[PDB]
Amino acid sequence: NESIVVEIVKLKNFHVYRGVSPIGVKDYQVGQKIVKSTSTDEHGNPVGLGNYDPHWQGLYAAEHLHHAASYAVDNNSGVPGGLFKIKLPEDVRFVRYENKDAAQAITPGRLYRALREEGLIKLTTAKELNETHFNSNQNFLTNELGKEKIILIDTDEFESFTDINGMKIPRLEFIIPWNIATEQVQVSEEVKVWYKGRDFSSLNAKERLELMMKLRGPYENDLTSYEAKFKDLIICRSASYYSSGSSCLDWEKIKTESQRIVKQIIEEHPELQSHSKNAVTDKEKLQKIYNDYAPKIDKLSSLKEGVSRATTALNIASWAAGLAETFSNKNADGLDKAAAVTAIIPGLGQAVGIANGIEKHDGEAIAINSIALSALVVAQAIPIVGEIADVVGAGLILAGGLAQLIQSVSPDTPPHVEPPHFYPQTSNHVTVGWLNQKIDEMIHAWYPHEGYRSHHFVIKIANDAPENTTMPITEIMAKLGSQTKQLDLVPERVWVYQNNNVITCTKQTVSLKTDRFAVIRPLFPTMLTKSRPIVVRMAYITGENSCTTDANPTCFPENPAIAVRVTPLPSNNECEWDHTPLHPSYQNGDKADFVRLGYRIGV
């Protein structure tokens, strides 16, 4: 009856993983039962309970270690916390469900009806516990499931991308009710703890940022290593069901080799040891620098003779000359390392060549050759990046950032096909659209009852964009309610996914005049390519003020929308946040910094 597929799952691996924010590290002690967080934020909202809606509160665990590691940051500041392996009880029932209703998202009443129809609800009749109890908050979904000793396995409305061959790596999330978690779930291992401080809530906003700058380095390297270990085992090992015969590359070695070669070839030629006062912006001079040292980089990179370099003198020089224009109006004392790498994404695909894909023969040498050549020439065009605080050289930050960007899009594995989308909008060669016409474009604030709401949209390179277009995805905004109990963000459920990785993001609510809105920013530079589209889940809770109590009810926020920024964030903005792209008067276009995607909110 209820278009939901329900399956009882027998697990083979009972150890799952949980990323925690700095304030939640104290709740996870190895060898102890899990502690349900009693901490609250400044508004009184719980932190670490899985949702602001009690129906969906629980211990959310990821099957894969590298997915959970992406969650282990403080939402507002991005300070990394800790990562833990936890053991699930074997005496309970694991129930995977899948919504097959394209017109309606999952609700507590729908799920419990589907579970009753399969003979899974043992303790209550339909008269004792049905939708009327959930709609009146007399009973809550996950708490009732915990008494039934049920752990939910959930894929939501978007699981993972399918590649061009038709292969889809499964993504599983465990929703463990808190009564099961605190009584039967144990912390098996402390994988890694980054936050060593005392009372994170005592820190003010300033010193939270200082802590993040100290810890973002180690956390980035651990996360990348986790994702590289998963890719090697599941996607690269030929004996794995999900292998495609790909020639996977050692991207950590590629980074260190590219950085060593750039440093050596720069420190041996004073011509390449340029300062900001004698930067080279002429395309012709930059082409000669390419052609003078490309044969030397060929030998140092062990590139086989006859194997084509994925770069050309012309494209690298135009890209570098263009970056000199945009970097020209910037100061070194206020330029972030991550901002510099994000700023080289525009134009990167036309010049580097391996951002969209790399050949399966001599690939490791081609990658080192491309990154080393690109970093060498760009270092001459924008020498200001060598003056950033704590950079040892312009060529080293450019080579390291380039290798990091290219590794993130996995050019040595098959590309991903974007899901179909609805009501698309396009700006600056970037298209966004809702994943489901009826579920995502129209949010019902009060039916079945006020509470948790989420919708998905996809980010992709536009159809008519030039080949190899790469775009920086630097910010995601979402309209919120101007008054309380209308539309508030649920940052625990905001979710960004690219390739097979979760993109770590800060989430914060900002108030400008009478407007409230969410600001979601990836913690590390994020590059959109045709091979790696991006899916975003935006999550909210509605309330008793979401709509009016009159004959023709209007609902708030009015003119709801999300917006994706596709250009580097400005270094010259007085108020840091511009609410402009969320306003319905905003015009999507060829040169717009944002692409705005509106939706509707009714009863």
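Residue numbers run from 1 along the displayed sequence.
- Across the two stretches, 575 to 583 and 18 to 26, the PDB entry reports the greater mean Cα temperature factor for 575 to 583.
- Of the two segments examined, 471 to 479 and 246 to 254, it is 246 to 254 that shows the higher average Cα temperature factor in the deposited entry.
- Of the residues listed, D298, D222, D333, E157, the entry assigns the biggest Cα temperature factor to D333.
- Highest CA B-factor among the listed residues (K85, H444, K196, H455): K196.
- The PDB entry assigns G433 a C-alpha temperature factor belonging to the lowest third of its chain's modelled residues.
- Among the modelled residues of the chain, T311 sits in the middle third by CA temperature factor in this PDB entry.
- For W178, the recorded CA B-factor ranks within the middle third of the chain. Only modelled residues enter the ranking.
- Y241: CA B factor in the highest third of modelled residues in this chain (values from the PDB entry).
- Among the modelled residues of the chain, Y71 sits in the highest third by CA temperature factor in this PDB entry.
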